[PDB]
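Right, one structure below, let's go through it.
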Amino acid sequence: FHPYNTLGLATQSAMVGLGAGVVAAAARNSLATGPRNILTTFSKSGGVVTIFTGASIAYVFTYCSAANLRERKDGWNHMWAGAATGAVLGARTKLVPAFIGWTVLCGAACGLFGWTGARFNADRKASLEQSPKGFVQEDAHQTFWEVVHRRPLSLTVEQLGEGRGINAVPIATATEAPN
Amino acid sequence: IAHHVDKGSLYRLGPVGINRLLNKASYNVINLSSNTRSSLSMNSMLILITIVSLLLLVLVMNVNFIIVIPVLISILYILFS
Amino acid sequence: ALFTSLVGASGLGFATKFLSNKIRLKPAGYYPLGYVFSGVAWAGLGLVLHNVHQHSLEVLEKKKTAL
Amino acid sequence: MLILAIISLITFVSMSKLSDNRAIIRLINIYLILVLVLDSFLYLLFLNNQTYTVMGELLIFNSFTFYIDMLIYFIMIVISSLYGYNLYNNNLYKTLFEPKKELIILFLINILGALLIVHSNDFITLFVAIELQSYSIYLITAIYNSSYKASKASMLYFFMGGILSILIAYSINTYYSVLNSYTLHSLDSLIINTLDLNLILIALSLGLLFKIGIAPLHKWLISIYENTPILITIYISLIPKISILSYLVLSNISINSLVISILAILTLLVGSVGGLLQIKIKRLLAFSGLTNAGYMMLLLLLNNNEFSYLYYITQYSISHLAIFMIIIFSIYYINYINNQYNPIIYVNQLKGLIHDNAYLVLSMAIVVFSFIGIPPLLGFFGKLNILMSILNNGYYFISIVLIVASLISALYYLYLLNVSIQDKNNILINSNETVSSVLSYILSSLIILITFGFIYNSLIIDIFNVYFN
Amino acid sequence: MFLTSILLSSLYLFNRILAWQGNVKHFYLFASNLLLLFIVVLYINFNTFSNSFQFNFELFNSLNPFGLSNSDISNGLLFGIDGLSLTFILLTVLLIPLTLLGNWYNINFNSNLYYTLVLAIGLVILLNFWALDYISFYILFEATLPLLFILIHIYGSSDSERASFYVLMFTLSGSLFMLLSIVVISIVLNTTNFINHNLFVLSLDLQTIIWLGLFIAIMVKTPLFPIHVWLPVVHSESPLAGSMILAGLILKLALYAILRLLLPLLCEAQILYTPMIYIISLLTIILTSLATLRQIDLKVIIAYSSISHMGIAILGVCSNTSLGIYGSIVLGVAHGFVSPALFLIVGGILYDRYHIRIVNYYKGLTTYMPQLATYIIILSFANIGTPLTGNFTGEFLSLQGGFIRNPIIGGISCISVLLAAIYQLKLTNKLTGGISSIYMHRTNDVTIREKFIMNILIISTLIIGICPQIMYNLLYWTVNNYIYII
Amino acid sequence: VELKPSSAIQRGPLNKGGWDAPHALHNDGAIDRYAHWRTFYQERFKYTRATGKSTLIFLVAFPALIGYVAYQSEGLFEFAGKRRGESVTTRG
Amino acid sequence: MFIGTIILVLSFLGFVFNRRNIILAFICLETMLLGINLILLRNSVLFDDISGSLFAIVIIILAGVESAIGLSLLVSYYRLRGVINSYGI
Ligand SMILES: CCCCCCCCCCCCCCCCCC(=O)OC[C@H](COP(=O)(O)OCCN)OC(=O)CCCCCCCCCCCCCCCCC
Ligand SMILES: CCCCCCCCCCCCCCCCCC(=O)OC[C@H](COP(=O)(O)OCCN)OC(=O)CCCCCCCCCCCCCCCCC
Ligand SMILES: CCCCCCCCCCCCCCCCCC(=O)OC[C@H](COP(=O)(O)OCCN)OC(=O)CCCCCCCCCCCCCCCCC
Ligand SMILES: CCCCCCCCCCCC(=O)OC[C@H](COP(=O)(O)OCC[N+](C)(C)C)OC(=O)CCCCCCCCCCC
Ligand SMILES: CCCCCCCCCCCCO[C@H]1O[C@H](CO)[C@@H](O[C@H]2O[C@@H](CO)[C@H](O)[C@H](O)[C@@H]2O)[C@H](O)[C@H]1O
Ligand SMILES: CCCCCCCCCCCCO[C@H]1O[C@H](CO)[C@@H](O[C@H]2O[C@@H](CO)[C@H](O)[C@H](O)[C@@H]2O)[C@H](O)[C@H]1O
Ligand SMILES: CCCCCCCCCCCCO[C@H]1O[C@H](CO)[C@@H](O[C@H]2O[C@@H](CO)[C@H](O)[C@H](O)[C@@H]2O)[C@H](O)[C@H]1O
Ligand SMILES: CCCCCCCCCCCCO[C@H]1O[C@H](CO)[C@@H](O[C@H]2O[C@@H](CO)[C@H](O)[C@H](O)[C@@H]2O)[C@H](O)[C@H]1O
């Protein structure tokens, strides 16, 4: 893998969240009911700026940190980032069990989002349609979407491990009397 | 067990918590177009906000993806909390 | 088979007539000629589908023959 | 046949009284039936997916569009039957459901715009047809001018559709500014990967999609569907959706868009959650249509989506017509007429329908469990084919969102059934008035299709494999 | 002759019977016993020396949608029975008439709808055991939820609305993940059939994903901890026929689903995942039993009791041992006999006399209701796994297999033998013991009908406990078809 | 026209037609209230220092213990017919 | 390109942020169509192309019909209400 620059990405994160919070505050000011002016965009906004900035900083910082600590790029980093973002969103409600639930559940949700590829889109060169499918032809290495009538036994033993029934030689041939 | 796990947390991660979650989310979804005084200006503002927000989000994702994720999480929070 | 398809489509037609009579809060034998009319109508639809399907298979077989 | 019908009905309605409009609707309903019977052999033109360009290169004719046109004729037949045949021959039902003089003409012109949208190959035809649809459907929302709610909805719908049409025109003229063309046939592999063109194309897609309620622009159309008459809602909630989504499916415009994915997820979540606290029937059904529009948005990201879209749109049309017809039939047993225009508004007015009409509740149950996607019904096979396509094309998070939305929507679908199978005091014991024969048969036929159409899935696939592949 | 002539004869006879006597229960019971006899004839004509599928038939084919297919291109739904299918089919046809007769005299409003829904659920379950592809299996696995919703909502107890919504929503939640699994299978292999699906070896990283969905479904349907909370409510607040059908057959559909959908396919994912199955099963056993020890509703206690025995069955079926598979199947059958008898006692005998299920009201039934006390003691000691009942045989062999696979987990799971006794006998001792309750007046003892049902269900379990081997002629292939050992 | 339902609709009461049997149970009220409480406990449950203890025990710690044991004891033991001196373990 | 984008954007903002009139909404729609037509015709001149001018004259016709229909709908609203107020469409 290639390391992430935490502080730079998180500074970009904070500026983006700040701009988004300003836009949401302006939208709230214009959509609202009561008497309002150019003063109220930050007085009467329900912590929108702090929501956006905190979520952005927390998510990007935690993601890049976990990617640099774990030394990997996978969906567990999105699980941690969701845990942190949920902790921020749940510290607003000044209650412990709601904070814990927010953390755990948005961690699980963003971790699912990362497990599935960290994308609302598709890869479109890893999809089943664009990838080699069906039965594999002549002793070739079975790819992900390919099908096989009969698999290699060394592969089974490595993927699964010896023990609990699964052995490098069948039992009957391995116990056959040398006659 | 019977009261704190089987009739507690496993109903919270279950029929009770989902019910409360969806009550709050539904109420926030329908109390969004707040003012029935004028239906036209409000939805017009919604067109404007949608177009602006989409343009800035597409800018942000072209810059880098992972930065748009918490923005969308916060948008869902604003819409559904 | 054709006869099976026509019988089944006529059964669907009888079901429509029955459910109509019941939605109307009438007895199920209110006007028994409607069963005959529904039968022949739905059987005509089934015959049409049968012929379309048969022509489709004939096309995909003519392709093999010409291949 | 539609233009012949329009030019005939304009004269025949001008030279006729208001006592004759129901019979006029009956006549043109039989006309559409005869057309769909005698002229439907034209499917043989599209054998092996032969495609034709007509009126220069302004229209396109293939199996997809022929099917959508047959479907729109079937829908117009049902909607005209609801106006041409009295449910009950009482003074109440001659006060609630009366056709206005120009309504049938506007329906046929809107159908014309619908079909010229799906058959469009050049953006000038698309724009002319979009406007011919939208002007006519403004006037359809407004024809019941003795309703405050309907006039209000007319004007909101005018302005919002106008703005979204401005967006469509900006998209079209920007496409022309870039490529000097109004035709999407002008695009290929090379032009897509050589020019960055996604802003224009997604602007077009969203200008078309927000005209059918795609979030976050759903509240206005849901208010319009609530505030309009029931027999107008049944039309204006279905036919524009079919037209525009069919155009956007035939035109492969958003094959792997991130924005359309995001907005489709948002449509699913909103259409599932927002319908949970709705106490009114038409808003509930509007949010149902919203989430189904989301399911159909998902297959704008596929590039091989004909079977799934056609199955789902056919089954959704049948279910939509059936549920609105059941709500129309339930007015005889509700204990409180709310308006001259929306005689039934709230779901709890359906309380105890099983004790007055049990088989109407059987129909409701069938339709509700098709909406939920319960096998062996038709919505299950719809959802199955959609899932097949989106998982074959690599949308794995959207699939889980789809399951969660399917589950959350079941609650407000089951609200209706639950209150319908509840007990009620003051049940019905006798009634000498009987509901119509024709409308009863139409509803029963739709229910039987929902229930027993899975028998023919093999045959439908075998026909598709010859006419669409 | 004609097919249509014969079924039109049956249809006309049904219509005239309904016209003259305004009830359907006699005709449905006649059809019940007729179907049982036909299935016994099929067992007479069943070859035990072939592992193949027999009595095959295909429906909804392109060439004959309203008939059976003889085609060289097969695009419809496949059906056919193996010995495993036939075992549960025998159980189903044995139980259906008893579920109809258990509610013979206690349904006095819209009776015909009740009996239609009961027979329909039973026939859907039968056809589900007859299925031979993922899609027919699915459409018969999910088609019971509408019927169960309606039945429980209209004909259920106080809290019937909640139970109706639960039995639909929980099961739909699990079954939609099953649907994602099946969709992946169909798009990857382009075939869905239970005949040659062990010939298609998928990659491990995809097996491990398909297995997750199938196992989430199996977890919600079995049930297994932590998704077991719907079962007390549903089995409690349903009509008696619903509870009997559910506990006897719908819970066993999950066991059959493991053996038919998840082991033959997905062998390597299963052999990698089964320690997680053992975690979940041991939790499901011990915590559900202890939770039973603090319940105040009788039918709820029996409902919780089903879960622990299904967890033991899961230990057995996920053991990769022939004895474990046979034990799980015998557990399914014997529980399908015994648990509906307990449900009859607590939902059709006592509930029909007193219309209450709180334990605090019940005490000293032995004085005025002695036959019922004898039945309670017999069925309790059968449910907890006393020898010479099939419950013990199944428990013994399932725990044998679990010990062979994981000695530590399989050995710790043998406290089932104790906890079963605790939560069953703490109830039996109070019901049968003491002075008769001051909150209850005297009522009749068990009738000839109730006794008939309980005696059938006791004779069956005693037969299969005294000689379990009589079930081997339909299972000596199945006990080796789903074992992955090199 | 005053929009009212149809006068043709004759309505009567819902009569389920059961034979009202005598009172076989004398309900207590205290027991019924105890039963309602113990059946609908789920709607009143709250997360406290006592309940969270049982949650984080039975849903986090005990499964983790069982899982560690199960994944360490996966293919360790094979003692069919094993004899004196022969190791019953496959690994160390 | 510039005049049209400017007219379009300012008309859209004067439509969205109108807390005054309904006539301003009508005016902003018409000016939006005007702006689109001007961009369209400038591109028509630069490319030396007729499709742009054809689309423009079609927009003229369609906008006329739009105005007619919109001001019939307003007249129905006024038939029932008698006053078209600052708010409420
Ligand atoms: C200024 C400097 C700029 C610097 C450059 C970088 C800036 C980045 C800017 C990013 C865009 C920020 C836009 C913020 C959202 C718009 C503001 C808003 O409030 O939206 C909601 C809006 C009004 O809501 P409100 O009136 O406040 O009342 C709420 C009560 N429920 O009402 C609305 O309906 C409008 C909705 C607009 C939504 C746009 C589409 C969002 C897509 C949702 C993503 C969902 C995907 C997640 C899927 C997960 C599935 C579980
Ligand atoms: C790119 C990454 C994207 C991945 C997705 C990330 C997810 C981001 C989610 C954030 C969006 C905002 C949604 C937050 C939920 C809305 C309601 C809420 O604020 O939660 C609180 C609610 C409170 O219940 P209560 O405490 O009793 O009431 C007082 C509350 N002031 O809470 C409760 O009712 C109790 C909750 C108990 C826990 C229930 C857990 C159920 C889990 C299954 C969820 C399925 C339903 C999903 C609904 C979707 C809603 C958007
Ligand atoms: C109709 C009413 C009349 C008023 C009309 C107003 C004028 C119309 C403006 C344009 C048309 C509206 C478009 C609607 C928004 C949605 C656009 C869209 O979704 O297209 C995005 C598309 C990429 O998305 P996609 O193809 O789905 O994903 C694959 C990515 N390779 O394509 C792209 O990649 C977009 C390219 C990114 C650049 C976006 C430009 C934004 C720049 C703003 C910077 C402002 C400066 C900083 C902040 C200032 C605030 C103080
Ligand atoms: C067509 C009127 C639609 C109105 C709604 C009624 C549904 C009619 C379905 C016939 C479709 C067909 O047979 O065709 C199959 C089409 C393409 O074939 P085609 O080019 O259109 O030729 C048809 C030539 N006809 C017009 C002479 C027949 O494939 C599809 O994806 C159809 C998907 C629809 C699935 C819904 C099934 C409903 C159950 C049908 C029980 C009889
Ligand atoms: C609400 C209940 C939720 C529980 C249900 C959980 C099911 C979620 C689906 C889990 C399976 C997703 O499958 C996952 O597998 C492979 C690894 O095997 C991931 O691995 C792939 O990730 C993507 C993202 O970098 C790239 O293509 C990468 O090269 C790799 O090939 C995929 O990103 C994802 O598709
Ligand atoms: C709840 C169950 C249903 C969940 C819904 C989703 C089901 C589908 C599962 C997601 C499939 C993910 O599959 C995706 O990742 C695998 C890796 O694991 C990749 O497979 C590829 O991995 C690469 C390594 O990166 C290797 O070269 C390998 O030989 C293969 O080519 C593919 O890019 C794609 O097939
Ligand atoms: C809904 C109620 C639930 C009912 C569930 C019970 C269904 C029981 C059906 C079992 C009977 C199946 O028995 C099945 O035998 C053979 C398979 O070799 C089928 O196939 C037979 O077709 C005929 C064709 O003329 C010939 O004999 C052919 O050689 C073949 O033997 C039969 O068409 C079918 O009858
Ligand atoms: C009381 C309620 C709160 C308690 C709820 C407890 C739920 C459990 C949440 C803890 C999640 C931590 O889970 C942790 O597991 C994975 C592996 O399992 C770790 O990540 C590890 O994964 C493995 C794969 O298994 C990688 O290849 C790599 O070795 C890495 O070190 C992550 O650092 C972390 O995600």
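Chain labels follow the order of the structure tokens: the first chain is A, the next B, and so on; residue numbering restarts at 1 in every chain, and ligands are counted from 1 in their shown order.
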
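With the cut-off set to 12 Å and only C-alpha atoms counted, chain G residues close to chain A are residues 16, 17, 18 and 19 of chain G.
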
Let me see the file: selected residues, C-alpha atoms, as a CSV table (one decimal), in the first residue's frame.
```
chain,number,residue,atom,x,y,z
G,16,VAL,CA,-36.5,31.1,-6.1
G,17,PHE,CA,-36.3,34.1,-3.8
G,18,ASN,CA,-39.6,35.7,-4.7
G,19,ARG,CA,-41.6,36.4,-1.6
```

For this session: Go through the chains and note each residue within 6 Å of ligand 2, using only C-alpha atoms and all ligand atoms, then give the set as an MDAnalysis selection string.
Result: (chainID A and resid 106 109:110 113) or (chainID B and resid 12:13 17:18 20:21 24:25 69 73 76:77 80:81)

For this session: Produce as number ranges by chain the set of residues near ligand 6, where near means within 9 Å with only C-alpha atoms and all ligand atoms considered.
Result: A: 116-117, 123, 125-128, 131-132, 141-145; D: 391-392, 394-397, 399-400; E: 177-184, 205-206, 208-214, 216

Exercise. So which residues touch residue E:23 within 9 Å, counting only C-alpha atoms, skipping near sequence neighbours fewer than 6 positions away, as an NGL selection string?
Worked result: :E and (17 or 111-112)

For this session: Going by DSSP on the backbone, which bits of chain C are helix (DSSP H, G or I)? Write them as a PyMOL selection string, please.
Result: chain C and resi 2-23+33-66
